[PDB]
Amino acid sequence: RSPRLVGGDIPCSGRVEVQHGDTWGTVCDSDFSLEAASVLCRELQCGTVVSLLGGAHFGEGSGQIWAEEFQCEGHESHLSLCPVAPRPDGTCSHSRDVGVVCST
């Protein structure tokens, strides 16, 4: 479940995308906590989360949107070690794809 950030002006900010199989999915901003954010930033060697950004701030994505939520405790070294749960009833639009600004 490898992460990446895209559309930022520097590598440690952007829209969140996480790989599953040979495709990448975006993450709805109803579904991504500060602790999930912290694990992602750590995983990419970007320090820790400063901010979550909603409403397709770095632009909306296309394609798949993750159907499970990453229910991270906060100290996991990878998103793949985080517990997982279904997202609430329904699908999101890409207009609600989440982003982050990580900092050291």
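One-based numbering along the sequence shown.
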Completion exercise
Stretch with higher mean Cα temperature factor, 46-54 vs 64-72, is 46-54
Problem - Within-chain third of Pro86 by Cα B-factor, per the entry - result: middle
Exercise for the section: Ordered by C-alpha B-factor within the chain, which third holds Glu17? Give me lowest, middle or highest, please. Expected result: lowest
Handout entry: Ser95 CA temperature factor, ranked by third within the chain
Key = lowest
